C-alpha cells in the first residue's frame, strides 16, 4: 500500500493550486480519503475528507468554500483544489487513507505549499554584537541576524569555516512579510573579543549572493553615536 502527494510549491496569496495524491496497492474506491496539513513546527490540522464513491465530502470550517476535494477512481487519484490561498495555508499537505472511525492507517510523505508574494531576494545581514549583556561568566555570545531572504535556503559559516566550536545556526521563520529570517550564534571567550576577528559568512545560492559581516563588540562611547538610532 502506497500514497504519493504532488503539486506543492510557491504560490501567491489569492492564488490557486491543485494537489494530487496517487494511491496504489488497495481497492481505492472502498476507502474514504483525507487531506491533513501541518505548518512547519506545528500540529496536524485536518482539512477535508471524501467518501469512497465521492458522493459525500467533508471540510474543516477554516477552508469551507475555498477548498474542493475530489477523486478519480479510473486514475486511483485524490485531489485537493485550494483557492484564495492565504499565508495561513503554508503547510505540508498529507493524503491519508481512513479506516474505522476515520483512523488514518496509511499516510503519504506530503507535498509542501508555501504561500508568499515574494520574489528571489538576497539577505540583509546584521551583527548581534557581544557586550556586558551577552558576557556571562567569562564567555560572550555573538551572532548574525540574516533577515528578509527568499527562497530557502541560506547557509552560514564563521571565519570561513575555521570557527566551528560553539556555532549554532537556527532554522528559518517565514515572516508575515513572505520573507525568511534566521540567526547564527557562536559562544567565545570574553578575553578573545579584543584580539580575535569574528566574521559570519552567509551564502544565499538562489540569489547568487554571499555576505561577510564583521561582528565587533559594542562601543558604548557617546562620541561615536550616529543620529538615526
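Numbering follows the first chain given and starts at 1.
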Taking only the CA atoms, which stretch has the higher mean B-factor in the record, 133-141 or 96-104? 133-141
I need to verify one thing: averaged over C-alpha atoms only, is the B-factor higher for 183-191 or for 36-44? 183-191
Given 157, 90, 83, 124, identify the residue with the highest C-alpha B factor in the PDB entry. 83
In terms of recorded Cα temperature factor, pick the maximum from 68, 203, 165, 56. 165
Can you tell me which third, lowest, middle or highest, the CA B-factor of residue 211 falls into for its chain? lowest
Lowest, middle or highest third: where is residue 176 by C-alpha B factor in its chain? highest
Using the temperature factors of the C-alpha atoms in this entry, rank residue 197 within its chain: lowest, middle or highest third. highest
Per the entry's values, where does residue 30 land by CA temperature factor relative to the rest of its chain, in the lowest, middle or highest third? middle
